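Heads up, the thing below is written out as C-alpha cells.
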Amino acid sequence: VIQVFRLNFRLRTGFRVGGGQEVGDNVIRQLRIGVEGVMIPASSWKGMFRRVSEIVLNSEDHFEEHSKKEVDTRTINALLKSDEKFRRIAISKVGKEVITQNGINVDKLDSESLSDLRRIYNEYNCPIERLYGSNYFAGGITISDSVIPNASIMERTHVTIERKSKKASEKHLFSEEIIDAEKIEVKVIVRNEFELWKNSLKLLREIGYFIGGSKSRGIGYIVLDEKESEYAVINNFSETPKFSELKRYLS
Amino acid sequence: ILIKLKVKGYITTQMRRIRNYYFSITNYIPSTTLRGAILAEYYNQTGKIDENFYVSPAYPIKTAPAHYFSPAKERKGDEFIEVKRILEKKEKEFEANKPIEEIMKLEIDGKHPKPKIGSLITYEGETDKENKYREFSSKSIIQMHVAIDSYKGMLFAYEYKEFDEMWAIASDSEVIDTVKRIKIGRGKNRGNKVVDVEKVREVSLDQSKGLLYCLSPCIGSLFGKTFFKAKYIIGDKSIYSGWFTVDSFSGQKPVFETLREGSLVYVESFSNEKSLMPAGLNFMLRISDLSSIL
Amino acid sequence: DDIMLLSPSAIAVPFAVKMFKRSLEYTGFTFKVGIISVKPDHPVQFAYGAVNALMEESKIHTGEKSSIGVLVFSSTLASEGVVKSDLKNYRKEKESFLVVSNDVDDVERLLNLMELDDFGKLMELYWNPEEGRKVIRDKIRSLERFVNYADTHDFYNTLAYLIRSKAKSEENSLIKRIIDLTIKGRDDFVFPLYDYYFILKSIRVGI
Amino acid sequence: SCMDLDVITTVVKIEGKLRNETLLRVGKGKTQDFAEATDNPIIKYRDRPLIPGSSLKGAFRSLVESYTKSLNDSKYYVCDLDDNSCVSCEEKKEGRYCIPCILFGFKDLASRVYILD
Amino acid sequence: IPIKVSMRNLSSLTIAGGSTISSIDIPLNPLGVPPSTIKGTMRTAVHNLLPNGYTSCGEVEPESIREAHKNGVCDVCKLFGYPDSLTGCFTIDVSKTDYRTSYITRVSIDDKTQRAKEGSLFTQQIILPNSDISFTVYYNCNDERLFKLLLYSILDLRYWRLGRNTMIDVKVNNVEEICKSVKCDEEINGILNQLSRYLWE
Amino acid sequence: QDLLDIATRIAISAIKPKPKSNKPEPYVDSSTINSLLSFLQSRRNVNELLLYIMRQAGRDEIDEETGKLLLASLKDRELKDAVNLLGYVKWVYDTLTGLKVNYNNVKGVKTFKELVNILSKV
Amino acid sequence: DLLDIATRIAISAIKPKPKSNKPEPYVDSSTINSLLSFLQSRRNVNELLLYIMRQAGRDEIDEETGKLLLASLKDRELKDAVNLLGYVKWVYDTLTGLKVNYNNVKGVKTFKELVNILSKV
C-alpha cells in the first residue's frame, strides 16, 4: 500500500533555510537556486519530519541509538528463520557466504559482523528506522522539496545590546534574511501506512513544529491544516488515485 | 560497399575483465564486434542469419591503422609522414632481386623516424610528397554501478569510449539495406547512447597478387588450411578471440594468434578456400597510400 | 631514467617534493613526475599506464625545471585514456585551472604555506586519523569551497569570486596567502587551482 | 545534564495577545531604510506592524539575567554573550547551571523556549 | 515498439557519477542520467511493488538469481532478462542532455542538543527541479503480458524514489501509436490514461 | 562576461571619490548598493527599482553619472537578469573596495578581463 | 499603471509657484509627508480626500493637482491609495533632487517616458 500526501502549511511570518552564505560573514544569505530562485531542500524536510516523529513516538530505545541492551543470537536466528524479508536484508548486507539459508555460521562470524547484525536487528525493530530508513535499511518515505516561484526576500537586521550599559555593541551588525510566505506546499510520499505517520501529522495539526534556522527568534513556524492539504491512499494499481480532504484521513 | 555510422556518442569496445571491472583495450572497433551487432539486428528483424557476410572493422572517420612505412618523425610525438604513392614507389623492385634490408631504409633525412605499426592515424595535409598525419586520440569515461535487491551488496565498473563518424566496408547484401541502427558493445541492453548505420557509395577494391595492406588482422594459414604465402611480412603479432560457424557442432571462441592490424605483407599467391573475411580477418587490399580512404 | 614508487598517499607528495627539490643539484637532469592516488583495490597495470600518461603530459616545455603532476582518483578508476580525455577537456592553454605541469618550487611554497613540508607534522597527522582528518579538513575546506565554486561557473565568474574572496579576508589569514600564491606569478590566464586542490586532497585521503 | 533536548517529555504553548500600554515603537531595524513611508519607518510584515521575535527574546533574556544575578547563588550563573569559553551546565563532583543559557540557549546549547513574532 | 516517456523530477534530483577532476562531495555523471540507473530503479520498484499475478526474484547475487530460477519463471526477471539465457528484452536510451547544476551542502544536527554537529558538514551536487527528462523504452520482444508488466513498471516508477529519495512524475507522450501498434486493451487503455498526465497536475 | 563588463563599468563609475570629504571615501557606499539589491529582492519589480535608484540619485547618496548608467542599463531589463547584474555589481564593488584600488588605476577599464589583469599585476 | 498616475500627479505638483520670489515647485515635500502621515494615522480615504481639499483651498496645492488626486483617490482601496501616495512622494523627491526643469518635463504622461528622459540626459 502506498499513501500519497500533499501537505500545506500556513506558517506564521516567514522562514529561512540558509546555505553556504558566501564568506566575509556580514549578512546571512538564504540558499538560492540560480533559476528556480529559492527552495527548501528535501533533506531539511526529512530531518524535521524525523524530529517530529521521534517526539511523537517517545521511544527510549530510539533515544540511545538502539544500543542499550544485548540481543541474544538465538533471537536473531529465530527472527532470521521467521522473517523472509529480514533474512534477505541481512544476506544482501553481510554477504550470502556469511549467512546461509538456515543458520548463522558462527565460525565465519567475527566481531564487526556480529555488531552489524545486532544493529540491523535493533533498527529493524524500530518504527522510526522502518519509516525513514537507515544506513542499510531500505527507507520507506520519499519527500519532495518546496520550491516557491515567489522570491519575496526581505532583510531583518539585528543588534546586540551590552548588558552592562544598554547600547549597541559596536563589534558587529548581525543581518539575517527572511523569506516571507503564507502557504508552503510539500509533496510527501510514504510507503509505510504507519499509525506513527498519522500521529505525527496529528501533532503537527495542533502543536506544530518549526522549520529552518533561527527558529528560536520567531523565524519559521509551520502548522498543518486540514483544508488545503490533501491525501490519497493507493492499494490497487489499476485505478487512478483519488485525492480528498485531509480532515477525513486525520480526523 | 561503404557504410557510415553517425555514432557521436559513448560506446564500449574490447573489454579486459579484471576481477569484476571492465577496461577499454582497442581504441578502434573490431570487425567481429560490428559483425555481431549487425547480425543481431538482422536476427531481431527476421531471425534468418547468414554467415556469408563480411564487414571490415570500422575506424574513426578520416583515420586508419599505421603501417611500417608510415612512421612518426618524432620518437615521442604523434606526427606521421610518408611518401605519396609510396607502395608503387615501394614494392616494384620486389619483383627484382633487391635486398629487403636495403628496401626498408627509412633514413630519408637525418634523425630517421621510428614506426608504430597498427595505430590510428589521421590524414592532415599535402606538404609536398611527404603527407602530414596525426595520431588519433579518443575520449574515454568510467561508469561504475552498484548492486542492490535499497542496500548495496556488490560493485561493478565499466569504461566507455567516445567516437565520431565511423566508416567501414561490408559485403554487398540486402542486410545493410534492411538494417539502420545497431546496438554495439559489451552491454547492448544497458549503456548505449546512440547508434545508426548509413549506406553510402559502393566500393570496388581489388584483391590480387602483390604487396597488400592488411587492414584486418590477417592470418596466413590455420589448421593447415593455407590461404596465401608471403615473401616478406612486416608487422606485429596479435591475438584473436572471435566467432565463426563451422556448420556442425561447436563454432564459438576459437583463439588463434594472428598478425597485428596494419601489417604489411608481400603476398605473391592466394588460395580458393573458405575466405576468412566473414570471420573478421584477411581484409587486405592494394593501395597507393593511406589516401585510399578517398 | 626509470623511477617507480608506490608510497602511501599521506606522505607521497611531500616525499616527491623533498626528493626532487635538489634534482638539478644531484643529477643535473630535470624530471617530469606524475603522481596519482587510487584505491587499493584498483588494478595495478592500468594505474601504471595512467600514471605514465600523466607523467608524460606533465612536461615543462622549456625543460629547465622539474614538473610534478598530482591527480587524485577519489571515486573513479584510472586509465591512460581517461587521463588524456580529462586533460584535453579541462586543462587548456589560455584559461585553465589545471596546470598539470607544475614547478616543484611552487608545490614547495604551497606545502610551506600549509605547514606540511615538515615530516614530523605529516607523521603526527598520519598516525592519528582521529585528529588528522579534522586538521586536514580544516586546512582544506576553504580551498575545496573555491574549487566547488569553480565547478559551478565558468572561468571568468570563478576568477571574480576568487578575487572577491581575496578582498574579504582579514590580515594574516591563510585564504589571502593561498589566493596570492595561486594568482601572482601566473603569466597567461592559467592558474593552479585544481592542482593545489588535488595536492591537498592526496594528503586528505591519505588518512 | 542540561542537554536533554534529545528526549522531549512535555511541550507547553502560551498563546495570548500583547497590548501596549504606552506609545509602543517597533524596533525599526530599517535604519535609514525607507520602504513606503516617511523618514525612518517602523518594520512591518506586509504593511502590518510586527514586533520582532528577536527583540522580545533579547528583552526577556536581559530580564532573566538580571533575575539570576539578583539570586546571588553559586549554583546559578550567567556568562557573557561574547565569551566562547562559557558552558551551560557543569556536572562536576551538585553542579553549576546557567539559567539564561538553559532558557534561550547559548553557543554550546540551543534554546529551549521559542518565541514567535 | 518505442515508448516516448518524459519524466520530470519533483525535487532536487541528483545522482553520483564520478570525475578525476571533482571537488563536490556528491559527484554527477558526466553525461547526465544513465540508462542503467533508470533500469535498476525500475526493477527495484517492480520487485517492491509487484502487481498481482507475477513473480520476482528480488535477488542481487547471480547465484541467488539462478537458485530462484531453479523453478525458472521470475516474470520480472524474464522482463529484465536472464543472466545468461536470453540476449535481451528491452532497451533504454536518453537523448536530452545539458541539465542545470548547483552546489548545495547539508549538515547533521546533534541529537542531545539542537545545534549542528561539529564536522558533519558535507556538500551535494544536485540537478535543479522541474527539469524534463525524455527517454525511450524500446521493447523488442513479442509478448503482451510482459508488455503489460513493463507498463506497470513505468507506472510504479511514479510512486518510487530515484536518487537520494527524490520524487519523480513520469509522463507518457504517446498513446495513439501505442494503441495503434497492438493490444489496445481496456486495462491497457486505463493504465496508459493514468500515465498520460502527471500525478500532480 | 558581458554582464561582468557592465558591472565593472558601473563599479568604476561608483568608485569616484566623494568630494569635500574628510576621508577618501567612494561616492557610492556599500550600504547603498546593498539596499538596492535588497529592495529589488523584496520588491520584484524593475520599475520600482528604477524609482528607488532615481530617488537615491536625487538624495545625493549615489553618483549622478553612476545612476545614469544604471538607469540606462536597467531601463528595459527583466527581473532575472536584473538580480544577476546587481549581484555582479556587488561583487565587483566589494573587490574594488577590499583591494583598495583607486579610480586613477582602473580609470576607464571597459573589459572585466583587463581589470583582473590589473589586479593580477597589482 | 499606478506609476503613470503618480508621475502625472508629481508633474502637476512640480509646476512653478507664481508670486514666489524663489524658484520652487507649487507644493512642498512637507505637504507630501503630511499627506502620507495623515493617511497612515487616520486609516481612512474620505478623510484623506478632505485633507487634500483643505490643502488645495489653502492656496498651497495646485488646483489641477488636487483634481488629479481626488480623481485618483475615489473608489480606491486603502492599500492602493497608500501605494499611489508612496509612488507620488518618491517621484516628487526624485524630481526635486535632480532639479528637473518643469518646462521640459511637463510634456510626458508615462513613467517609462520619464525614465527615458532621465536616462538620455
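Ordering of the C-alpha cells sets the chain letters (A, B, ...), residue numbers begin anew at 1 in every chain, and ligands are numbered from 1 in the order given.
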
Test item, strand (DSSP E or B) assignment across region 67-249 of chain A, answer as a PyMOL selection string: chain A and resi 141-143+148+153-157+161+168+170+172+175-180+184-190+224+230-234+244-245

Include N, CA, C and O atoms and write out the residues we just selected as a short mmCIF file (atom, residue, chain, number, x, y, z; two decimals), in the first residue's frame.
```
data_model
loop_
_atom_site.label_atom_id
_atom_site.label_comp_id
_atom_site.auth_asym_id
_atom_site.auth_seq_id
_atom_site.Cartn_x
_atom_site.Cartn_y
_atom_site.Cartn_z
N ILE A 141 10.00 6.39 3.10
CA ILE A 141 9.37 7.70 2.94
C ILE A 141 10.15 8.49 1.90
O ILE A 141 11.39 8.52 1.94
N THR A 142 9.44 9.11 0.97
CA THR A 142 10.03 9.98 -0.03
C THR A 142 9.39 11.35 0.08
O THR A 142 8.16 11.48 0.02
N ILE A 143 10.22 12.38 0.24
CA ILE A 143 9.76 13.75 0.41
C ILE A 143 10.34 14.60 -0.71
O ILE A 143 11.55 14.59 -0.94
N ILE A 148 9.49 27.52 -4.35
CA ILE A 148 8.44 28.52 -4.43
C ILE A 148 8.78 29.48 -5.55
O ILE A 148 9.88 30.04 -5.56
N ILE A 153 12.06 38.42 -0.74
CA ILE A 153 13.07 38.26 0.29
C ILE A 153 13.29 39.62 0.93
O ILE A 153 13.72 40.56 0.25
N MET A 154 13.02 39.73 2.22
CA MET A 154 13.31 40.94 2.98
C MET A 154 14.42 40.67 3.97
O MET A 154 14.74 39.52 4.29
N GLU A 155 15.03 41.75 4.45
CA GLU A 155 16.15 41.67 5.37
C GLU A 155 15.73 42.20 6.74
O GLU A 155 15.18 43.30 6.85
N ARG A 156 15.99 41.41 7.78
CA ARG A 156 15.69 41.77 9.16
C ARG A 156 17.01 41.87 9.91
O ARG A 156 17.58 40.86 10.32
N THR A 157 17.50 43.10 10.07
CA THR A 157 18.74 43.32 10.78
C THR A 157 18.55 43.10 12.28
O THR A 157 17.43 43.09 12.80
N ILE A 161 22.87 44.16 22.44
CA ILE A 161 22.82 45.20 23.47
C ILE A 161 23.77 44.80 24.59
O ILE A 161 23.65 43.71 25.15
N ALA A 168 24.16 49.74 21.65
CA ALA A 168 24.61 48.83 20.62
C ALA A 168 26.09 48.52 20.79
O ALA A 168 26.91 49.42 20.99
N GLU A 170 29.33 47.98 19.30
CA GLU A 170 29.97 48.26 18.01
C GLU A 170 31.07 47.24 17.75
O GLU A 170 32.27 47.54 17.71
N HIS A 172 29.78 44.13 15.79
CA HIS A 172 29.21 43.50 14.61
C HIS A 172 27.78 43.99 14.44
O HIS A 172 27.14 44.45 15.39
N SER A 175 22.95 40.62 10.41
CA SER A 175 21.93 40.82 9.39
C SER A 175 21.44 39.46 8.94
O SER A 175 22.24 38.60 8.57
N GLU A 176 20.13 39.26 8.98
CA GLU A 176 19.52 37.97 8.70
C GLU A 176 18.44 38.13 7.63
O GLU A 176 17.57 39.00 7.75
N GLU A 177 18.50 37.30 6.60
CA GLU A 177 17.46 37.27 5.60
C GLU A 177 16.22 36.56 6.14
O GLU A 177 16.26 35.89 7.17
N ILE A 178 15.11 36.72 5.43
CA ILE A 178 13.86 36.08 5.81
C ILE A 178 12.98 36.00 4.57
O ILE A 178 12.85 36.97 3.82
N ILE A 179 12.39 34.83 4.36
CA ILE A 179 11.55 34.56 3.20
C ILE A 179 10.11 34.56 3.70
O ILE A 179 9.64 33.57 4.27
N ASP A 180 9.40 35.67 3.49
CA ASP A 180 8.00 35.72 3.89
C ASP A 180 7.17 34.81 3.01
O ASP A 180 7.37 34.73 1.79
N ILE A 184 3.24 26.92 2.35
CA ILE A 184 4.36 26.12 1.87
C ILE A 184 3.82 24.76 1.44
O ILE A 184 3.31 24.01 2.27
N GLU A 185 3.95 24.45 0.16
CA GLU A 185 3.41 23.23 -0.41
C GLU A 185 4.53 22.21 -0.57
O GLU A 185 5.49 22.46 -1.30
N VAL A 186 4.40 21.08 0.11
CA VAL A 186 5.38 20.00 0.04
C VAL A 186 4.64 18.70 -0.26
O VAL A 186 3.64 18.38 0.38
N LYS A 187 5.14 17.96 -1.25
CA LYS A 187 4.57 16.66 -1.62
C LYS A 187 5.36 15.58 -0.89
O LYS A 187 6.59 15.53 -0.98
N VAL A 188 4.65 14.73 -0.16
CA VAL A 188 5.26 13.67 0.63
C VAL A 188 4.62 12.34 0.25
O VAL A 188 3.39 12.22 0.25
N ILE A 189 5.45 11.36 -0.08
CA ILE A 189 5.01 10.01 -0.37
C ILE A 189 5.57 9.09 0.70
O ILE A 189 6.78 9.08 0.93
N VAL A 190 4.69 8.34 1.36
CA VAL A 190 5.09 7.40 2.40
C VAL A 190 4.68 6.00 1.95
O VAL A 190 3.53 5.78 1.57
N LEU A 224 0.21 22.35 10.20
CA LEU A 224 -0.53 21.65 9.16
C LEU A 224 -2.02 21.97 9.28
O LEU A 224 -2.58 22.00 10.37
N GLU A 230 -4.19 17.69 1.19
CA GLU A 230 -4.98 16.56 0.74
C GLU A 230 -4.09 15.33 0.68
O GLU A 230 -2.86 15.43 0.60
N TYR A 231 -4.72 14.16 0.73
CA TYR A 231 -4.02 12.89 0.74
C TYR A 231 -4.64 11.97 -0.31
O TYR A 231 -5.61 12.32 -0.98
N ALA A 232 -4.05 10.78 -0.44
CA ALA A 232 -4.56 9.76 -1.36
C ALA A 232 -3.93 8.43 -0.98
O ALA A 232 -2.71 8.35 -0.83
N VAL A 233 -4.76 7.40 -0.83
CA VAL A 233 -4.30 6.06 -0.50
C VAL A 233 -4.40 5.20 -1.74
O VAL A 233 -5.44 5.18 -2.41
N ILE A 234 -3.33 4.48 -2.06
CA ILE A 234 -3.26 3.65 -3.25
C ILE A 234 -3.08 2.20 -2.80
O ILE A 234 -2.07 1.86 -2.17
N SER A 244 -8.63 13.49 -1.62
CA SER A 244 -9.73 14.00 -0.83
C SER A 244 -9.17 14.87 0.29
O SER A 244 -7.96 14.97 0.48
N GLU A 245 -10.08 15.49 1.04
CA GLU A 245 -9.67 16.39 2.11
C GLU A 245 -8.90 15.63 3.19
O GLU A 245 -9.25 14.51 3.55
#
```

All residues 7 Å or closer to region 35-51 of chain D, only C-alpha atoms, same chain fewer than 6 positions away omitted, as a VMD selection string: (chain D and resid 26 to 29 117) or (chain G and resid 33 86)

Exercise: residue 90 (chain F) partners within 12 Å, only C-alpha atoms, chain neighbours under 2 positions left out, as a PyMOL selection string: (chain C and resi 160-161+164) or (chain F and resi 4+7-8+10-11+14+28-38+83-88+92-97)

Residues within 12 Å of residue 201 (chain A), only C-alpha atoms, excluding chain neighbours under 4 positions, as an MDAnalysis selection string: chainID A and resid 5:9 49:50 52:53 55:56 188 194:197 205:209 222:226 229 231 246:247 249:251

Mind writing the picked residues with N, CA, C and O atoms as a short mmCIF file (atom, residue, chain, number, x, y, z; two decimals), in the first residue's frame?
```
data_model
loop_
_atom_site.label_atom_id
_atom_site.label_comp_id
_atom_site.auth_asym_id
_atom_site.auth_seq_id
_atom_site.Cartn_x
_atom_site.Cartn_y
_atom_site.Cartn_z
N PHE A 5 0.61 12.04 -0.03
CA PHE A 5 0.21 13.22 0.70
C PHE A 5 0.72 14.48 0.00
O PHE A 5 1.82 14.49 -0.55
N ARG A 6 -0.10 15.52 0.03
CA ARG A 6 0.28 16.85 -0.46
C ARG A 6 0.01 17.83 0.69
O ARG A 6 -1.08 18.39 0.80
N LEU A 7 1.02 18.02 1.53
CA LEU A 7 0.85 18.83 2.73
C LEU A 7 1.03 20.31 2.42
O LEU A 7 1.89 20.70 1.62
N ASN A 8 0.22 21.14 3.06
CA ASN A 8 0.35 22.59 3.01
C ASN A 8 0.41 23.13 4.43
O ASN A 8 -0.31 22.65 5.31
N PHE A 9 1.27 24.12 4.65
CA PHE A 9 1.48 24.69 5.97
C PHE A 9 1.27 26.19 5.93
O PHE A 9 1.87 26.88 5.11
N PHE A 49 10.81 16.12 9.78
CA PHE A 49 9.82 15.07 9.97
C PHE A 49 10.34 13.98 10.90
O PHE A 49 9.59 13.45 11.71
N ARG A 50 11.63 13.64 10.78
CA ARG A 50 12.21 12.66 11.69
C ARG A 50 12.17 13.17 13.12
O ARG A 50 11.86 12.42 14.05
N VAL A 52 10.02 15.32 14.40
CA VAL A 52 8.64 15.31 14.86
C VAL A 52 8.19 13.89 15.19
O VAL A 52 7.54 13.65 16.21
N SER A 53 8.55 12.93 14.33
CA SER A 53 8.17 11.55 14.58
C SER A 53 8.84 11.00 15.83
O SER A 53 8.22 10.25 16.59
N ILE A 55 9.69 12.78 18.43
CA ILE A 55 8.95 13.37 19.54
C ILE A 55 7.65 12.60 19.77
O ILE A 55 7.29 12.30 20.91
N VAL A 56 6.94 12.27 18.69
CA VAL A 56 5.65 11.61 18.82
C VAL A 56 5.81 10.23 19.44
O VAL A 56 5.08 9.86 20.37
N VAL A 188 4.65 14.73 -0.16
CA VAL A 188 5.26 13.67 0.63
C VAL A 188 4.62 12.34 0.25
O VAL A 188 3.39 12.22 0.25
N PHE A 194 1.78 3.80 8.42
CA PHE A 194 2.08 3.70 9.83
C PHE A 194 1.19 4.64 10.63
O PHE A 194 1.03 5.81 10.28
N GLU A 195 0.63 4.12 11.72
CA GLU A 195 -0.05 4.98 12.68
C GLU A 195 0.90 6.02 13.26
O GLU A 195 0.44 7.06 13.75
N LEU A 196 2.20 5.75 13.22
CA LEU A 196 3.18 6.76 13.60
C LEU A 196 3.08 7.99 12.70
O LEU A 196 3.14 9.12 13.18
N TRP A 197 2.93 7.77 11.39
CA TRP A 197 2.78 8.89 10.47
C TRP A 197 1.51 9.68 10.75
O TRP A 197 1.53 10.92 10.76
N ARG A 205 -0.92 19.08 13.45
CA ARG A 205 -2.19 19.79 13.27
C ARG A 205 -2.39 20.84 14.36
O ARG A 205 -2.77 21.98 14.07
N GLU A 206 -2.16 20.47 15.62
CA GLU A 206 -2.42 21.36 16.74
C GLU A 206 -1.17 22.08 17.23
O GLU A 206 -1.14 23.31 17.26
N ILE A 207 -0.14 21.33 17.63
CA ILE A 207 1.05 21.96 18.19
C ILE A 207 1.86 22.64 17.10
O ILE A 207 2.12 23.85 17.15
N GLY A 208 2.28 21.88 16.09
CA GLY A 208 3.07 22.43 15.01
C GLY A 208 4.52 22.62 15.41
O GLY A 208 4.81 23.02 16.54
N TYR A 209 5.44 22.34 14.50
CA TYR A 209 6.86 22.45 14.76
C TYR A 209 7.48 23.54 13.90
O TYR A 209 6.83 24.11 13.01
N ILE A 222 5.54 26.31 11.32
CA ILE A 222 4.52 25.80 10.43
C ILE A 222 3.47 25.07 11.24
O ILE A 222 3.73 24.51 12.31
N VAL A 223 2.25 25.07 10.71
CA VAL A 223 1.15 24.30 11.29
C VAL A 223 0.35 23.67 10.16
O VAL A 223 -0.12 24.36 9.25
N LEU A 224 0.21 22.35 10.20
CA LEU A 224 -0.53 21.65 9.16
C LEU A 224 -2.02 21.97 9.28
O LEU A 224 -2.58 22.00 10.37
N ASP A 225 -2.65 22.21 8.13
CA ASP A 225 -4.08 22.45 8.07
C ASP A 225 -4.77 21.24 7.46
O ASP A 225 -4.16 20.43 6.76
N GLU A 226 -6.07 21.13 7.73
CA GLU A 226 -6.88 20.03 7.22
C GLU A 226 -7.80 20.48 6.09
O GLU A 226 -8.73 19.75 5.74
N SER A 229 -4.51 21.01 2.50
CA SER A 229 -3.76 19.78 2.33
C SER A 229 -4.69 18.61 2.01
O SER A 229 -5.83 18.55 2.47
N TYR A 231 -4.72 14.16 0.73
CA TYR A 231 -4.02 12.89 0.74
C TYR A 231 -4.64 11.97 -0.31
O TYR A 231 -5.61 12.32 -0.98
N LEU A 246 -7.84 16.26 3.69
CA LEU A 246 -7.01 15.63 4.71
C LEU A 246 -7.75 15.41 6.02
O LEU A 246 -7.34 14.57 6.82
N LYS A 247 -8.83 16.16 6.26
CA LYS A 247 -9.57 16.01 7.51
C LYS A 247 -10.13 14.61 7.66
O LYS A 247 -10.06 14.02 8.74
N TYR A 249 -8.97 11.80 6.52
CA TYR A 249 -7.89 10.89 6.89
C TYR A 249 -7.39 11.11 8.30
O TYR A 249 -7.11 10.15 9.02
N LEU A 250 -7.28 12.37 8.73
CA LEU A 250 -6.68 12.66 10.02
C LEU A 250 -7.69 12.71 11.15
O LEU A 250 -7.43 12.19 12.24
N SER A 251 -8.85 13.32 10.92
CA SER A 251 -9.87 13.42 11.96
C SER A 251 -10.70 12.15 12.04
O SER A 251 -10.16 11.04 11.96
#
```

Shell around region 78-89 of chain C at 6 Å using only C-alpha atoms, local window under 3 positions removed, as a ChimeraX atom specification: /B:139-141 /C:46-47,49-50,53

8 Å contact set for region 272-285 of chain B, only C-alpha atoms, chain neighbours under 5 positions out, as a ChimeraX atom specification: /B:31-32,35,51-57,205-208,212-219,225,227,242-244

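The list of residues with at least one atom within 9 Å of region 105-113 of chain C, based on only C-alpha atoms and without residues fewer than 2 positions apart in the same chain, reads residues 13, 14, 17, 18, 21, 66, 68, 102, 103, 115, 116, 117, 118, 174, 177, 178, 181, 196, 199 and 200 of chain C.
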
Distance filter 8 Å, only C-alpha atoms, chain A against chain B, as a PyMOL selection string: chain A and resi 89+92-95+136-139

Between CA of residue 30 (chain A) and CA of residue 10 (chain A), distance in Å (one decimal): 20.1 Å

Helix (DSSP H, G or I) residues, from DSSP on the backbone, in chain F, as a ChimeraX atom specification: /F:2-14,30-42,46-58,64-76,80-99,103-106,112-121

Contact set, chain D to chain A: 6 Å, only C-alpha atoms, as a PyMOL selection string: chain D and resi 29+53-54+114-117

Store the residues picked out above, limited to N, CA and C atoms, as an mmCIF file, in the first residue's frame.
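The resulting file, out-v1.cif, is shown below:
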```
data_model
loop_
_atom_site.group_PDB
_atom_site.id
_atom_site.type_symbol
_atom_site.label_atom_id
_atom_site.label_comp_id
_atom_site.auth_asym_id
_atom_site.auth_seq_id
_atom_site.Cartn_x
_atom_site.Cartn_y
_atom_site.Cartn_z
ATOM 1 N N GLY D 29 14.533 48.150 12.694
ATOM 2 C CA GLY D 29 15.845 47.741 12.244
ATOM 3 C C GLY D 29 16.155 48.364 10.903
ATOM 4 N N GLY D 53 10.519 39.023 16.956
ATOM 5 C CA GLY D 53 10.755 37.989 17.948
ATOM 6 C C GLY D 53 12.104 38.144 18.619
ATOM 7 N N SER D 54 13.104 38.599 17.862
ATOM 8 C CA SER D 54 14.432 38.793 18.429
ATOM 9 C C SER D 54 14.416 39.852 19.520
ATOM 10 N N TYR D 114 11.060 28.834 22.601
ATOM 11 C CA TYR D 114 10.932 29.547 21.340
ATOM 12 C C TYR D 114 9.918 30.672 21.475
ATOM 13 N N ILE D 115 10.245 31.823 20.895
ATOM 14 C CA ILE D 115 9.380 32.995 20.913
ATOM 15 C C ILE D 115 9.065 33.372 19.474
ATOM 16 N N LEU D 116 7.780 33.492 19.162
ATOM 17 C CA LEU D 116 7.355 33.816 17.813
ATOM 18 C C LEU D 116 7.228 35.327 17.645
ATOM 19 N N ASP D 117 6.885 35.749 16.432
ATOM 20 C CA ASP D 117 6.661 37.155 16.146
ATOM 21 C C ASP D 117 5.259 37.559 16.590
#
```

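Remark: for chain A, the closest of the candidate residues F:45, F:22, F:73, F:111 is F:45 (distances computed over only C-alpha atoms).
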
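Distance criterion 7 Å to chain C, applied with only C-alpha atoms, yields residues 1, 91, 94, 95, 98, 99 and 120 of chain F on chain F.
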
Go ahead and write the residues just picked, N, CA, C and O atoms, as a PDB file, in the first residue's frame.
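File part.pdb, as written:
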```pdb
ATOM      1  N   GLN F   1      30.546  37.787 -17.978  1.00  0.00           N
ATOM      2  CA  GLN F   1      31.345  38.220 -19.122  1.00  0.00           C
ATOM      3  C   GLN F   1      30.892  39.598 -19.644  1.00  0.00           C
ATOM      4  O   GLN F   1      31.500  40.606 -19.291  1.00  0.00           O
ATOM      5  N   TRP F  91      29.595  42.225  -6.294  1.00  0.00           N
ATOM      6  CA  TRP F  91      30.868  41.516  -6.265  1.00  0.00           C
ATOM      7  C   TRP F  91      32.016  42.431  -6.661  1.00  0.00           C
ATOM      8  O   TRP F  91      33.022  42.529  -5.950  1.00  0.00           O
ATOM      9  N   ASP F  94      32.696  45.236  -4.145  1.00  0.00           N
ATOM     10  CA  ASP F  94      33.375  44.721  -2.965  1.00  0.00           C
ATOM     11  C   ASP F  94      34.837  44.422  -3.260  1.00  0.00           C
ATOM     12  O   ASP F  94      35.712  44.691  -2.428  1.00  0.00           O
ATOM     13  N   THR F  95      35.122  43.858  -4.435  1.00  0.00           N
ATOM     14  CA  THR F  95      36.508  43.592  -4.804  1.00  0.00           C
ATOM     15  C   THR F  95      37.310  44.882  -4.854  1.00  0.00           C
ATOM     16  O   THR F  95      38.429  44.954  -4.334  1.00  0.00           O
ATOM     17  N   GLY F  98      37.826  46.251  -1.213  1.00  0.00           N
ATOM     18  CA  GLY F  98      38.781  45.473  -0.443  1.00  0.00           C
ATOM     19  C   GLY F  98      40.200  45.608  -0.958  1.00  0.00           C
ATOM     20  O   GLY F  98      41.146  45.727  -0.175  1.00  0.00           O
ATOM     21  N   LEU F  99      40.368  45.602  -2.279  1.00  0.00           N
ATOM     22  CA  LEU F  99      41.694  45.707  -2.871  1.00  0.00           C
ATOM     23  C   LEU F  99      42.298  47.093  -2.722  1.00  0.00           C
ATOM     24  O   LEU F  99      43.473  47.268  -3.063  1.00  0.00           O
ATOM     25  N   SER F 120      45.826  41.140 -11.061  1.00  0.00           N
ATOM     26  CA  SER F 120      46.875  40.130 -11.019  1.00  0.00           C
ATOM     27  C   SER F 120      48.254  40.772 -11.031  1.00  0.00           C
ATOM     28  O   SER F 120      49.145  40.354 -10.285  1.00  0.00           O
TER      29      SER F 120
END
```

Distance criterion (only C-alpha atoms): nearest to residue 97 (chain G) out of G:40, G:21, G:29, G:7: G:29

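Picture a line from CA of residue 196 (chain B) to CA of residue 287 (chain B); it runs 28.4 Å.
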